[PDB]
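K.L.:
Quick one: the structure is below, and I'll ask about it shortly.
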Amino acid sequence: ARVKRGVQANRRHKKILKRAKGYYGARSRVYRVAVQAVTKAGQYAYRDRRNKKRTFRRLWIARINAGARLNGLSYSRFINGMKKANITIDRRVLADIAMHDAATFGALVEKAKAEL
Amino acid sequence: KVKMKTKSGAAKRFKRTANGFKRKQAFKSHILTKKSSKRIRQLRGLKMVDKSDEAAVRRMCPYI
Amino acid sequence: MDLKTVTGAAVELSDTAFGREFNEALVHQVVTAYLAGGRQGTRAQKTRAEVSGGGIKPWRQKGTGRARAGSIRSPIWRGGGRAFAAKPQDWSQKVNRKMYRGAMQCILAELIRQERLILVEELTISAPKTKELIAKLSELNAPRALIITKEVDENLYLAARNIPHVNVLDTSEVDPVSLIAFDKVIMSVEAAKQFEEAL
Amino acid sequence: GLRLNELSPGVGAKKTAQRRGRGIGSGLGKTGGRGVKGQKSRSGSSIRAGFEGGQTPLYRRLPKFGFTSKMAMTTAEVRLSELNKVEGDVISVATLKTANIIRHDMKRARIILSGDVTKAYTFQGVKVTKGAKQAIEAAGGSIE
RNA sequence: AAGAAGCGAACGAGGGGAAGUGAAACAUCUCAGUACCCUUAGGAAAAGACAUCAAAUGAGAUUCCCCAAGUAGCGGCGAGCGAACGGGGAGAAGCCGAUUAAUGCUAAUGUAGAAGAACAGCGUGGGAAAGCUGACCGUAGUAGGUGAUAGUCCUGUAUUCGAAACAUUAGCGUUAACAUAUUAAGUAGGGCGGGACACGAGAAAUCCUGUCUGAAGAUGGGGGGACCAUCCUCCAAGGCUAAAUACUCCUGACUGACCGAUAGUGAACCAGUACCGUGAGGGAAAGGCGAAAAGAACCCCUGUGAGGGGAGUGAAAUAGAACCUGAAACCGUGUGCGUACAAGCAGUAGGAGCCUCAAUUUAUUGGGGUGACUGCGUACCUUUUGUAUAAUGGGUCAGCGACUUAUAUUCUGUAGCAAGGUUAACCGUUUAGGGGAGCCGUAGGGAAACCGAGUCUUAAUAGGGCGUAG
Ligand SMILES: [Mg+2]
């Protein structure tokens, strides 16, 4: 019962080369190089699923700091004032309000500043 | 037909008992003046093969 | 136990030979052993020893810049021997006598239980003629059938030879795979008695 | 009695074999369970029986003892519970042979108290132990 | 006058006879009486009828198979080597001419051959064997073909069958060549050195013989594993003998959970070729148009070239002869987007703009391509305490490339039977049925005799050791 490897080997290599579409040079063309580039891409993507949650909180905090300093407060006093006022609005939503609704963010700063 | 060969020299040293193997003890062949009579008494007779050694004994004497 | 022929005559068969509870694992082992006993097992490949040539070292060990080689018929090379080249094998199994008998018992009981066994008083074709057996099997409503009779007649055999999904067997040459493979089994009462005695 | 299409061996009947060196996911890739490069990882490697690495082995530390008796090779011990294989009431060495209780080249037989005897026998040319003898005549047989 | 010679598979018998290896070194030993060299047969060979075993109530030549048994033994008692008795089978046979070669009858075979059933319509289709409908043959229905898949189209198959000539096999008859012992002395036995016995000098029987010797001869001799006695057994020093057993250069039929062009023979092809080597010798690569050549008349460009474009053929011509399919590496052309102020495993997570398809009552979403800009981010394997490592390996792709097979053994699961389980070789009109020899379990203790739920040690009945569901 002799088994030829041609058809399965072909479809196996085509899966990897398909995942390597758009890569430079040998990285999208030749299997020995494509298979390393796909594995490294998956490794980076796994690490960056974690890191993106850090990067976006970084961004929200920056925008909230700018919004609060426009209203006369720093981030570390504004967040303390929210926690003292029992306001549960998350940083994602607070940054959205600071960016797209300046009067509402002014009202939130007023509440935090009255709490201090 | 090919069969496992017994270690014929191990068969001459080990014998089958109900739950193990029996053996004679060493240090009784010669040099026996200097040995105490307690050692001459207690080195005489059968010991049991140690539990750590009975795997090797089974590998060596597969038909006993 | 208590069965009827196609005509209506009552026949009493033993429960040990025709009523034993189905053991699918035992039936599987016996059927699979029967199948493995059909294998011829006649093949071979060549090892590096038995491929033509290959006696000299292809180049010297050091200094050529090449991976070291011992033979041009190594299994690594194109045209080399097979590492673990196959040789002829014996695929027959030892099936216990009682396991074979119990599997035949199980098979016969299961055939009765799913109504694939048909008892007839006799099945005698009077002329070595295929159409006669085709008519006799169409009235029995088993066009695709294994006809088990003691002392298979030397013109019923001829009448059955050319019918596609029909085989005629004597009770000594019945096998489990034959009993399982055909849509119906037409057993004479004499052959049912022989099966009672054998099993 | 099913189809050839639908017989199964049953759970636990079949186990798939291990194939060494078929990738990472199999748990047996690369070295195939042999570990790393020593004598045991090499091809024709064995576990040499009775070899302790050069230390004199146990069977050569210890003395040979005993001699082998030819008389014991032809003496067969017979249990009381094997006697249901005997045809008739007489129990002799020939009768034990034809019952296949003892090998056909056994010269002597000894009947020992292992099981129980269900009928009365007449033991002719065999040795019978004390408990075996009492059990035999409790079942109603005799020893001669 | 008759023969021989030489060549050529394997298997037989015989004369010589390694080493690598194993012993974790190595010399005894192993490998192994193997490889190889040499001699010489036959369809087989050899052996074979007791100067054999046994020690049982004895059996009754040789050979081969299954057990006995990895037992008894042998063994630097290491590594290893490894019986026999006997049991169960196959086959059987005993003779003194169981020879060889012809020829002649009678029979049979083989080497060419002969006949050999039964299907149409309709639709699709290049083509029908496939579809739908309805028939027929079958002692012939899973054969190979035929323009796609055919019991009924062809060759076949079932069945029945032929021989002028020659071969072969038997039976018979006859011839002509050779052979036809008459009971066994340089023999048995012995000393010395070797060899073979499973047995390595061993307490070493038995066999063989280079050397030196050397009987008795039936009122005798050989064997029974040193040896002696007794008992049993058998008569060497004459020859022969079928089968059961070994093999395959070949012939025929048949088969395959064997391969399918890097496989399978080295060799599917003008292969033991090309090629390499003084030579012995080594030793490739290389299959496929189409159903049918219908293999492209003729025209045009070109050098009467190559190559192409039309025309034509064809179902199909990116099926056009380097011809089925036609992957990848690799190399072009075209379109969209990006890219010439910016530093690194080239991705990833985000993200503007552009391009393109769709919706959507109309620049918003959704899909696709691209990716300015930001964060993070030193390949893979191996080997290591530890590798981005300036340590190893890989130019790339495709194809191939490494835990097998046989037997023994132990444990686990599962199935059947269960204090029992199971047969082996064989036979078998063969996976059945038969075959119980044997093996394992059912008892152990002890070196053993021996005893036995006990036994061993001991003066001890004490103590202690080991023992008290397959
Ligand atoms: Mg092509």
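These protein sequence lines are chains PO, dh, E9 and Kd, in that order.
In terms of the entry's author numbering, the first sequence opens at residue 2 and continues consecutively.
In terms of the entry's author numbering, the second sequence opens at residue 2 and continues consecutively.
In terms of the entry's author numbering, the third sequence opens at residue 1 and continues consecutively.
In terms of the entry's author numbering, the fourth sequence opens at residue 2 and continues consecutively.
Note that beta-carbon positions come from the ideal geometry of N, C-alpha and C, so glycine has one too.
(1) Excluding five sequence neighbours on each side, which residues of the same chain lie with their C-beta closer than 7 Å to the C-beta of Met-104 (chain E9)?
(2) Skipping 5 residues on each side, what residues in its chain have a beta carbon closer than 7 Å to that of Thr-47 (chain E9)?
(3) Hey, quick one: how far does the beta strand (DSSP E) through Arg-80 (chain Kd) stretch, first residue to last?
(4) List the residues of chain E9 that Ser-9 (chain Kd) touches, going by C-beta distances under 7 Å, in chain order.
(5) Which residue's Cα is closest to the Cα of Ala-49 (chain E9): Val-6 (chain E9), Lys-62 (chain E9), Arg-73 (chain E9)?
(6) Could you tell me which chain dh residues have their CB closer than 7 Å to the CB of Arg-62 (chain Kd), listed as they occur along the chain?
(7) Here's a check: name, in chain order, each residue in its chain whose Cβ is nearer than 8 Å to the Cβ of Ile-17 (chain PO), leaving out the five neighbours to either side.
(8) Extract the residue ranges of the beta strand (DSSP E) inside the region 47 to 133 of chain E9, only unbroken runs of 3 or more that lie entirely within it.
(9) Assuming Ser-188 (chain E9) is part of the beta strand (DSSP E), what are its boundary residues?
(10) What residue range is occupied by the uninterrupted alpha helix (DSSP H) comprising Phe-106 (chain PO)?
(11) What distance in whole Å lies between the Cβ atoms of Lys-23 (chain dh) and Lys-16 (chain dh), which are believed to be in contact at a cut-off of 8 Å?
(12) Please name the residue, chosen from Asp-117 (chain Kd), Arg-109 (chain Kd), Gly-2 (chain Kd), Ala-14 (chain Kd), that lies closest to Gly-19 (chain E9) on a Cα-to-Cα basis.
(13) Determine, for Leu-29 (chain Kd), whether the minimum Cβ-Cβ distance to residues of chain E9 falls below 7 Å.
(14) Answer with yes or no whether the minimum CB distance from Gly-2 (chain Kd) to chain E9 is below 7 Å.
(15) Could you name the residues of chain Kd that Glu-110 (chain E9) contacts, counting a contact when the two beta carbons are closer than 7 Å?
(16) What are the boundary residues of the beta strand (DSSP E) that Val-11 (chain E9) is part of?
(17) If you run the structure through DSSP and keep just helix, strand and coil, what is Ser-138 (chain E9)?
(18) Report yes or no: is there a C-beta of chain Kd within less than 7 Å of the C-beta of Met-5 (chain dh)?
(19) What residues match up with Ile-147 (chain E9) in a beta bridge as DSSP calls it?
(20) From which residue to which residue does the alpha helix (DSSP H) around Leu-44 (chain dh) run?
(21) If distances are taken between C-alpha atoms only, which option among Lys-29 (chain dh), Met-61 (chain dh), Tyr-64 (chain dh), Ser-53 (chain dh) comes closest to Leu-47 (chain dh)?
(22) Could you check whether the region 23 to 30 of chain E9 touches the region 96 to 111 of chain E9, counting it as contact only if at least three pairs of C-beta atoms, one from each stretch, sit closer than 8 Å?
(23) In angstroms with no decimal places, state the Cα-to-Cα distance between residue 1 (chain PO) and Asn-66 (chain PO).
(24) Does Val-174 (chain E9) get closer than 7 Å to chain Kd when you measure Cβ to Cβ?
(25) Check whether the Cβ atoms of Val-11 (chain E9) and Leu-123 (chain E9) sit closer than 7 Å, and answer yes or no.
(26) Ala-50 (chain Kd) versus chain dh: which residues are under 8 Å apart at the beta carbon?
(27) Sorted by chain position, which residues of the same chain lie with C-beta nearer than 7 Å to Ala-121 (chain Kd)'s C-beta, five sequence neighbours on each side aside?
(28) Spell out whether any CB of chain Kd is found under 7 Å from the CB atom of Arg-40 (chain dh).
(29) Grouping DSSP H, G and I as helix and E and B as strand, with all else coil, what is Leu-3 (chain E9)?
P.N.:
In this structure, then:
(1) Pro-176, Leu-199
(2) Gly-81, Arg-82, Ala-85
(3) 76 to 80
(4) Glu-24, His-28
(5) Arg-73 (chain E9)
(6) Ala-27
(7) Correct list, in chain order: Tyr-32, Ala-35, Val-36, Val-39.
(8) 117 to 120
(9) 184 to 188
(10) 103 to 115
(11) 5 Å
(12) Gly-2 (chain Kd)
(13) no
(14) yes
(15) Residues of chain Kd with a Cβ closer than 7 Å to the Cβ of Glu-110 (chain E9) are, in chain order, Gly-2, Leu-3.
(16) 10 to 12
(17) helix
(18) No, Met-5 (chain dh) lies away from the interface with chain Kd (no Cβ there is under 7 Å from its Cβ).
(19) Residue pairing from DSSP places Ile-147 (chain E9) in a beta bridge opposite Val-168 (chain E9), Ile-186 (chain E9).
(20) Looking at the DSSP string, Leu-44 (chain dh) is not in any alpha helix (DSSP H), and its letter there is neither H nor E.
(21) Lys-29 (chain dh)
(22) Because the criterion of three Cβ pairs below 8 Å is met, the region 23 to 30 of chain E9 and the region 96 to 111 of chain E9 touch.
(23) Nothing in the structure corresponds to residue 1 (chain PO), since chain PO is present only between 2 and 117.
(24) no
(25) No, the Cβ-Cβ distance between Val-11 (chain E9) and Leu-123 (chain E9) is not below 7 Å.
(26) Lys-8, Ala-57, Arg-60, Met-61
(27) Apart from sequence neighbours up to five positions away, the residues of its chain that approach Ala-121 (chain Kd) with a beta-carbon distance below 7 Å are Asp-90, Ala-140, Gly-141, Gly-142, ordered along the chain.
(28) no
(29) strand
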